[PDB]
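Enquirer: My questions will all concern the structure given below.
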Amino acid sequence: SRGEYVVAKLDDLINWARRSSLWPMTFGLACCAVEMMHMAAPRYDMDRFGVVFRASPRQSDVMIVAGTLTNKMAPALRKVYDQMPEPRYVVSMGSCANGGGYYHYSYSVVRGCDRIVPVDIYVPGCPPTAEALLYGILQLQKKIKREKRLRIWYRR
Amino acid sequence: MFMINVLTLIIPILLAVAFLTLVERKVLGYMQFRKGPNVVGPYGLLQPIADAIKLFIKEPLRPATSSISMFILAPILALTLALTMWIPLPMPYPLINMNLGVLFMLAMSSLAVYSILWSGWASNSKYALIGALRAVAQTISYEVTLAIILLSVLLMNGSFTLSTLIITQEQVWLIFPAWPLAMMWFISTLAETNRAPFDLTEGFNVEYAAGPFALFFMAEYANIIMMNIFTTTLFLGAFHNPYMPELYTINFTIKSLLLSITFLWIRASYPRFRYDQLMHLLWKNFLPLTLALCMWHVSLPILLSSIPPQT
Amino acid sequence: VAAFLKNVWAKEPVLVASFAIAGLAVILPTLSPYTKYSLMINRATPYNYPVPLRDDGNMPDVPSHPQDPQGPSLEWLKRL
Amino acid sequence: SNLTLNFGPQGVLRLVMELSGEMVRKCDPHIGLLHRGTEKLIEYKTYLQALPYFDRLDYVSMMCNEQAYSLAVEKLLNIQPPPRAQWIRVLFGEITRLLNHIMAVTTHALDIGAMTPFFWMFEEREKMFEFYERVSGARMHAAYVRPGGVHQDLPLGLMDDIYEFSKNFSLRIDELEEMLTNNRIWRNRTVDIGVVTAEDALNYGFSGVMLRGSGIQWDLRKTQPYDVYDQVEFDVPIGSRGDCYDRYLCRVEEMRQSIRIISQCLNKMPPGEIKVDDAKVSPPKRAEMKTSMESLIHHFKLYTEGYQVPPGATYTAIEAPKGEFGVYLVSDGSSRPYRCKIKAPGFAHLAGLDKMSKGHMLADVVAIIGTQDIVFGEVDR
Amino acid sequence: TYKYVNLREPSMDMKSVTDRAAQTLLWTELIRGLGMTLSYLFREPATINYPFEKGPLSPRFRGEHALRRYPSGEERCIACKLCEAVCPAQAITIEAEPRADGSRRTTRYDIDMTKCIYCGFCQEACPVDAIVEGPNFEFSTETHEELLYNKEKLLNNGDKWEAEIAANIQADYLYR
Amino acid sequence: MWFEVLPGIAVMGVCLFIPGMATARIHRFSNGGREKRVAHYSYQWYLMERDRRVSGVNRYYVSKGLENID
Amino acid sequence: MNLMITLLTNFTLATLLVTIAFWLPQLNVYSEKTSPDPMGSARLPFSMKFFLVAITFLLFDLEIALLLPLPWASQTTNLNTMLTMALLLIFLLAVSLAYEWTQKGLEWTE
Amino acid sequence: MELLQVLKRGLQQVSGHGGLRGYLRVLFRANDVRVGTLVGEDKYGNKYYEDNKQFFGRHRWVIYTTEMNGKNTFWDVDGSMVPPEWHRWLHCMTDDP
Ligand SMILES: CCCCCCCCCCCCCCCCCC(=O)OC[C@H](COP(=O)([O-])OCC[N+](C)(C)C)OC(=O)CCCCCCCCCCCCCCCCC
Ligand SMILES: CCCCCCCCCCCCCCCCCC(=O)OC[C@H](COP(=O)(O)OCCN)OC(=O)CCCCCCCCCCCCCCCCC
Ligand SMILES: CCCCCCCCCCCCCCCCCC(=O)OC[C@H](COP(=O)(O)OCCN)OC(=O)CCCCCCCCCCCCCCCCC
Ligand SMILES: CCCCCCCCCCCCCCCCCC(=O)OC[C@H](COP(=O)(O)OCCN)OC(=O)CCCCCCCCCCCCCCCCC
Ligand SMILES: CCCCCCCCCCCCCCCCCC(=O)OC[C@H](COP(=O)(O)OCCN)OC(=O)CCCCCCCCCCCCCCCCC
Ligand code: SF4
Ligand code: SF4
Ligand code: SF4
């Protein structure tokens, strides 16, 4: 049908504009922040992908949780996640954000940031390299590319 | 016909503001030993379009506002004053050719602080109001030296006419007799637009959604490009053949782009002033030299018999 | 006058440049030879109409035509 | 009344400010936001297993904390590393010092507003992380410096690349110093800011640049020297006013002197083994693990049980780039520590943050949190 | 053995005082900083074209885990449990039994990659070079349980990556 | 390298070139092939209204020379 | 008339842009958010200093309002009187600044 | 003048990708148009290029195929598309293709 074609091209357009202009809010919790800063450094250079460096949380597209999530800061993580406008995404980076990591059996560590916020991309490593974090961000962009909001809206 | 002239003024203003963001990200790329955007478009040319469509379909931030009226009128005033600063600018010919275009631009630039003040009070955050009051105090501080430097240069112009300011500089750039005025004017226009190293708001409109925040952003870059064009006309004014206006148009365009790149090249070089440090810079460094040079530029066309013509 | 000036030029050179430029602006028009020609140019600029006179009979120093010799001349404005 | 702000966690730090307008009357840093209970997890793991926790304390000074823990365990074991392992430890400790001072200076400039030398110096930091990845396989947390020496010998051609890096790195220091040192805006943000007297710096437990910026002539590589720091020749920069600008200059000069030490370590690297040749502490080679019976037994028992450390308590302190980094290790005779207190300089520095930010303003608080190089991993453990 | 940073006294002749006042009024060091930033504008940037260009790595690199086989198809792992004994994160879980030909082999070999700290003690504790931490770092997942590898995933990693793992071990085993 | 910024500066320069080129060509179109009459002062407006009166076609820019006198 | 049409067009364009920016993202149906700052709940304390720099701006802007007809005043035939009064007004602006200096008036906004 | 050689090198980069069509192909798929010595090609269509005049990091690269394992990778290029025999060469783990 015609309207299916129109909403397919409109999904392609809005998915292009949302994946080619991702603005990250980076939680600099622990050692993974250093490798995020290397992913922003001139070698790997997030900014050429449209991924800007240190946007504010109230206009960011993706929350990168980069480091250990302790019990003392889990409500602050959820609060900053709730202040993010939609569509918001969460990238988990490194082992402590993913599943607790080297502090999995700790009394004071949230065992994975997916007990707190919904996580889209799990980037593994300790720390994952800046090239590996950039691979995870490009896989996030591909996940945004195959979204079907207006196609499902026309079919609902 | 005149409406076509108004639209061909105000639509390429918005296009040049859209691509100033790309030029800024590219220049601050290559000055920071990296690349700017080059993936989204061919050489990154689709980055402003992708950015604008991202900001315009984002969820609204849904603020609780102290006012509806000022919360809506602050972007409207910001964009209206950002577009109406372009109408007396000779490029070589202005849209609205008036006798007092310099004083017109000084007045309409003094009116731009109400956007900051209304958007700061129309947010419920007290920190946003403190940042907005500090930005308003900064802007009204540097408007003083804007007015006095502008007056001293127009003592060499002869009138408040902006088209006479091209006739004034036919034999020499006006940066040569007025380079201390030119450098204090340049830093003062840098401190008008909350531009680095004077950007304390990045170190007042955090309650707006992504759309209206983009509107404030594009009004701010319209102000940046406009004050660079005004500085170009006022100190580095180009040759004007009346039979071929494209010579002056190409020339002031190249100089204005180099001056906007100089803004981008200054923000990639310096740390931020602390607030009382740039208050010290205005009220205790720029203002005494500005007053002394105002006395000099009053008494100098009289002592040289170089009083400029009234008409 | 020599140690104070060096002290203020080392501590606050902005204020020294301020008072020096302001002092030159105050005193230097009273010493320039070109200052008289500012007044002589401003009185020579004809914003109004030079309304003619009725010739009563005894006025040798007033011309009857613009291209006549007698009257005010601006040869000095050309030459300077 | 007076103002009370909460600069919250939106590392990470919570700050409770009592302000009197523009001034700062009281600064309360609420920490613990990266408390992970490291030094309780150390108690259930062996000495080799507790080694990679030290990489993640000061996560911009990895091989330094590895070196301090390795020196603590080797002191309790009454064994010493071979000389080549000692020169490799001092070499990579000074490369780690360059890493930490680039992180310190460029983030201290980034927070104030100079965002450009960050990008200029993280390419050099990227090359030093390539040196870490070539020597150990990981770019940050190497687990390379071990009790007994190091884990593995330098790959061939690594020292030529450390030469090619060190030959060019002084120009990078010079262009950083061109952007910031004589810059009047950088001086106006750092000269009158956080003046620390020498007596209060000794009293508050400050260490490193936080002492040496205030004129105290104390460096643990000179006074209480470890592996081969009595055999290298370098100078110790000393401040004069105890402010943020002198501490900036001390860190730039420590980059200079680290380049000097790295040149001397490249020219004086001896031949030999890289582990202690006691196979009851350091594991044997894999070629002799797969041929000798004693070496297979020692491989089995070191990678399952580990070496037993004799009972005793030690406080081993080294000169990490943030200051005196100490390990108070208590061994009960088993192959696991009984106790491991981790002294880190940033804890006492962030304790002294409240005195250093009295009478200053709110935008001077970020300069004082910059001049104390605070990594909250080492603060909160 | 020590040096005084910032203990210079400025000169007080008219030359150097006028030099410092010219530096104040004419913004000379600010022009020096602009000159350094302008110098980096006209350099080639350090930016590689990822995904089409890759950052340089070494054969010691510790990426994704894999289980190797002998050059007869027999898997190298003989269930000795040294790698889960030395694993500082306790990310490895092993269960074993004799299989149908009497060989000492594992039935469970799990590595929780979200617990793993990627330090490679398992590959250096392994007496038969069975578990290796190979070259792969681009294995990000969209789901948490996809980073919980069982024995089948690790053997498929070994079969996928053996052509590169064997060459890295060949290039590096003389340092080990 | 550094010349990659130049497509963006080229597009921005064309966008800054369009308003002045537009207003120059529109002033030469709407005024009979010439510049727009600048009347900042009432004498200039008076001569402009005299032009509009002497042209007969209610256009200030229709010039009348020596062909209109005898 | 051309200037009023230009002001009306710019105000209309700005109103249309703010209208699009407040109507277009509202047509997304995303989700209603439940439970929608450095200071907790306190009153903003009045600062003396920001008011002082505001009044200092106002007074020096009045002095600028006196100084603005100088590019027209330099055309006069009483140039000695004009130069005297011009130097007198800029000197009174400078004396206002010097009195604002020396009596601790420009403090913590220096 | 050495601007002329810069322009000639740009024009022969246009000439080296098989004309304007291949030039725009590599421009929109790669965001980089420089030519290199074809080192090799795997069993999928990934092509592998060297240029030892570039700096260390740029001197080896890959142009990913348009179709691998049933996925149209004309725009969806992916880092994991490199087979492991090329992964030591491309990540500079060895000098040998
Ligand atoms: C329009 C085209 C471009 C124009 C030029 C602008 C481009 C160059 C920009 C460079 C980067 C600037 C970034 C922002 C910098 C802001 C900081 C700064 O510079 O602060 C200003 C600094 C502030 O001083 P300071 O903070 O550096 O020094 C310490 C100051 N005290 C002592 C008060 C603590 O200097 C000035 O205020 C000087 C302003 C210009 C002076 C011009 C004087 C001309 C010479 C007159 C004669 C002097 C001789 C004596 C009398 C002789 C009489 C015959
Ligand atoms: C009735 C039929 C018509 C229905 C209405 C539609 C009208 C036309 C609307 C514009 C075009 C819609 C189609 C959008 C693109 C769809 C295909 C797509 O997404 O292609 C992806 C491709 C980039 O591929 P990528 O995956 O990024 O590869 C990275 C390489 N390393 O992307 C590219 O190569 C470039 C993509 C560019 C997208 C188009 C340009 C942006 C939109 C411009 C118009 C709207 C905005 C106007 C200005 C806004 C304010 C400034
Ligand atoms: C004063 C002048 C101001 C100028 C402002 C704008 C400057 C930049 C202009 C754009 C420059 C060129 C951009 C080219 C983009 C890439 C086009 C393309 O090929 O997109 C591919 C995409 C998917 O195509 P597909 O069918 O998948 O093909 C795969 C084949 N195997 O297919 C698509 O995406 C569909 C096609 C989309 C085309 C969009 C082109 C850009 C539109 C930008 C908006 C503004 C245009 C200019 C307006 C003012 C000037 C008139
Ligand atoms: C909060 C509400 C919404 C806020 C957003 C909208 C308002 C703010 C932004 C727009 C500001 C409009 C300013 C209007 C007047 C500008 C000054 C002006 O007209 O100066 C130019 C000129 C004087 O020069 P001259 O050469 O002598 O005149 C030609 C004679 N040869 O004079 C002329 O040429 C005279 C031309 C005719 C008179 C023009 C009057 C315009 C209408 C009155 C003002 C409308 C706006 C009112 C609100 C202002 C802000 C609160
Ligand atoms: C007659 C000529 C025209 C004069 C009137 C027009 C002036 C134009 C410029 C306007 C300036 C407005 C502001 C003036 C304020 C002056 C007072 C002042 O600033 O005194 C304070 C200052 C010491 O600063 P402090 O208060 O300690 O601040 C702490 C910062 N670390 O104190 C000082 O640093 C000492 C400042 C006073 C002495 C300056 C001497 C300069 C001499 C230059 C050469 C001669 C010039 C001719 C004039 C005669 C001077 C005696
Ligand atoms: S996964 Fe590891 S290296 Fe990464 S932030 Fe956590 S502790 Fe640090
Ligand atoms: S790399 Fe380290 S943490 Fe990971 S499985 Fe091996 S021994 Fe355990
Ligand atoms: S992988 Fe190696 S160390 Fe682990 S149980 Fe198997 S044979 Fe033993």
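Identifiers in this document derive from the order of the structure tokens: chains are assigned A, B, ..., residues are numbered from 1 separately in each chain, and ligands are numbered from 1 in order of occurrence.
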Counting only C-alpha atoms, which residues of chain A come no farther than 9 Å from chain G, as a list in words?

Expert: residues 82, 83, 86 and 87 of chain A

Enquirer: Taking only C-alpha atoms and all ligand atoms into account, report as JSON, numbers by chain which residues have an atom no farther than 10 Å from an atom of ligand 6.

Expert: {"A": [28, 29, 30, 31, 32, 33, 34, 35, 65, 66, 67, 68, 69, 92, 93, 94, 95, 96, 97, 98, 99, 100, 101, 102, 103, 123, 124, 125, 126, 127, 128, 129], "D": [36, 52, 53, 55, 56, 57, 58, 59, 140, 141, 377], "E": [114, 115, 116, 117, 118]}

Enquirer: Would you mind listing what lies within 10 Å of residue 93 (chain H) as a list in words, with only C-alpha atoms counted and same-chain residues fewer than 6 positions away left out?

Expert: residues 134 of chain D; 56, 57, 58, 59, 60, 61, 135, 164, 167, 168 and 171 of chain E; 86 and 87 of chain H

Enquirer: Can you work out which residues from chain G touch chain B at a cut-off of 8 Å (counting only C-alpha atoms) and hand them back as an MDAnalysis selection string?

Expert: chainID G and resid 2:3 6:7 9:11 14:15 17:18 21:22 24:26 28 30 36:39 44 50 53:54 57 60:61 64 68 70:72 74:75 83 86:87 90 93:94 106 108:110

Enquirer: Can you pull out the residues contacting residue 89 (chain A)? Cut-off 8 Å, using only C-alpha atoms, and skip same-chain residues under 3 positions away; I want them as number ranges by chain.

Expert: A: 61-63, 119-120

Enquirer: Please write the residues from the selection above to a file, keeping C-alpha atoms, as a compact mmCIF listing (two decimals), in the first residue's frame.

Expert:
```txt
# COMPACT_ATOMS: atom_id res chain seq x y z
CA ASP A 61 20.07 10.25 23.71
CA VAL A 62 22.08 7.50 25.41
CA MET A 63 23.25 6.95 28.98
CA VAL A 119 20.08 -1.78 29.07
CA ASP A 120 20.25 -1.85 25.27
```

Enquirer: When the cut-off is 6 Å and you count only C-alpha atoms and all ligand atoms, which residues lie near ligand 2, shown as a PyMOL selection string?

Expert: (chain A and resi 6+9+12-13+16) or (chain B and resi 49+52) or (chain H and resi 29-30+75-76)

Enquirer: Compare C:22, C:27, C:53, C:41 by their minimum atom-to-atom distance to chain B, counting only C-alpha atoms, and give me the closest one.

Expert: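 Smallest distance to chain B is found for C:22.
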
Enquirer: Within 9 Å of residue 64 (chain C), counting only C-alpha atoms, which residues show up once you throw out same-chain ones fewer than 3 positions away? Write them as JSON, numbers by chain, please.

Expert: {"C": [55, 67, 68]}

Enquirer: Do you know which residues are within 8 Å of ligand 7 using only C-alpha atoms and all ligand atoms? Can you write them as a PyMOL selection string?

Expert: (chain A and resi 102) or (chain E and resi 62+65+83-84+86-92+111-113+115-123+133)

Enquirer: Atoms to include: C-alpha atoms. Write the selected residues as a short mmCIF file (atom, residue, chain, number, x, y, z; two decimals), in the first residue's frame.

Expert:
```cif
data_model
loop_
_atom_site.label_atom_id
_atom_site.label_comp_id
_atom_site.auth_asym_id
_atom_site.auth_seq_id
_atom_site.Cartn_x
_atom_site.Cartn_y
_atom_site.Cartn_z
CA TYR A 102 35.32 -8.06 39.84
CA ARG E 62 43.47 -10.33 25.96
CA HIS E 65 37.86 -16.41 25.51
CA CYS E 83 41.70 -21.87 35.66
CA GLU E 84 38.71 -21.57 37.97
CA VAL E 86 43.12 -18.95 39.88
CA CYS E 87 40.24 -16.88 38.37
CA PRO E 88 40.21 -13.70 40.48
CA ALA E 89 36.57 -13.01 39.69
CA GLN E 90 35.36 -16.62 40.02
CA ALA E 91 33.93 -16.23 36.53
CA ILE E 92 34.75 -19.84 35.57
CA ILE E 111 32.78 -18.34 31.82
CA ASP E 112 30.56 -15.48 32.93
CA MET E 113 32.02 -12.77 30.70
CA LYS E 115 32.17 -11.31 35.87
CA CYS E 116 35.42 -11.70 33.92
CA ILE E 117 38.16 -9.13 34.49
CA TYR E 118 40.03 -10.13 31.33
CA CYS E 119 43.39 -10.47 33.09
CA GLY E 120 44.35 -13.78 31.51
CA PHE E 121 45.29 -15.78 34.57
CA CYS E 122 43.32 -18.69 33.15
CA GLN E 123 45.44 -18.90 30.00
CA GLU E 133 41.96 -15.19 25.81
#
```
